[PDB]
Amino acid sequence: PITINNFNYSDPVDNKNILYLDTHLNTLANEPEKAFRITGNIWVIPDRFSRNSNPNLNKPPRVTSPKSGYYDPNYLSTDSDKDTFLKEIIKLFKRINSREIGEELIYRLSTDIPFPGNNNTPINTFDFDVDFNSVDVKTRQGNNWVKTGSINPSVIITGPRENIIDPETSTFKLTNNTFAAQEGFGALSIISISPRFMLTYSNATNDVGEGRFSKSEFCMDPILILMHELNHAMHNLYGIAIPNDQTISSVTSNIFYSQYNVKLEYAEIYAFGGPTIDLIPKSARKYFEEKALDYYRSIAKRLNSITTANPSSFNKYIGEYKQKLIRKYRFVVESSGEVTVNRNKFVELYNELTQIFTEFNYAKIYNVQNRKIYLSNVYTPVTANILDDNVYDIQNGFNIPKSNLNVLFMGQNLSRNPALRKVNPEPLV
């Protein structure tokens, strides 16, 4: 099985699970960032992250809303903050790992890798440095930092970007390329998030008997906030991500404003899952699945043509990676040795990735209260000291029996659990 590593932010670099990395993507970082290996190819860099030039973490001057936002330029600024964040992420992975589906989710994300290449990679080549799949490992000597090598994370979890309550997962590419995450190859994903900042709602999946009266507000369990993003990472890793331009015009209401229109991305619909998937026209769902199958066929063709690798040191390991990728995509190997795509196996895999590994399904499996739909109306966000086992533990999250909060999800009920507190109102927008 899989085990989650434990760390203190202050723990020494060991050139194995603790290193200093330069992703060449964080506009907030002027020097290498300390990183920790949660397990396998999943790493965490407990720092704020940004993709905007001349970044600013202060509340925006203009109007970016209705989108609910929380801005605090000092969140995660100190080493003390980073240590707490790091431990929160670790604890959440342990809870995710407590159920079989979560163990499988972590196993896949930490074991399978992006195909080494993109649309512009020659068919006979394995490129382990394509786009942003490899990150520099740096060490200090003197008053500077020098590259000593690189690693290939599959997923890097970082702290929030500008808006602390808008978790986001992304892949990156060079200007002249297209997104490999949408073309079968898959690519490295960066998840920017802070699970302890919980979204609140009243339109929930589990009936608690208040239908005819006043319904309680509940918080989202931090593991679902994180697992939701891990679903985007799954789509990105297996190269089946749906372009962000694929949407359905909808409405919802933020923490302040009233019902406003929004373009609901199909990527969000799949990450959430459940009946919501039906919002995507059946013909469109089939279209993207068939498109993915064609990209997979192209990958199988590449696997039958590999003769060189970049960097050259990987040439002697072409067979090893060919086998790893064959297992990832669940391809079949003919007696002749040719790699072929089995439709039955593909359909099963695609279904798993888009309809089984979903937030909606996790809520049922982990037995926690959760929003009924991705666009459930939200209220003021809440937070809690999730590192305190008297507040949140691995087995039951907030719904702890010892606290007498295990009945009807009372642990997640804002008016029944004093451990839950509204976030600072000042940073809210």
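For every residue, the number given is its place in the sequence shown, counted from 1.
If you average the C-alpha B-factors over 179-187 and over 326-334, the higher value belongs to 326-334.
Just going by the entry, 166-174 versus 265-273 on mean CA temperature factor gives the higher value to 166-174.
Comparing the C-alpha B-factors of 383, 369, 380, 68 in the entry, the top value falls on 68. Of all the options 116, 281, 239, 149, the entry's greatest CA B-factor is assigned to 149. Per the deposited record, the Cα B-factor of residue 246 falls in the middle third when ranked against the other modelled residues of its chain. Residue 48: CA B factor lies in the middle third for its chain, per the PDB record. Residue 37: CA B factor in the lowest third of modelled residues in this chain (values from the PDB entry).
Annotation for residue 200: CA B-factor lies in the lowest third of the chain's modelled residues. Per the PDB record, residue ranking by Cα B-factor puts residue 79 in the highest third of the chain.
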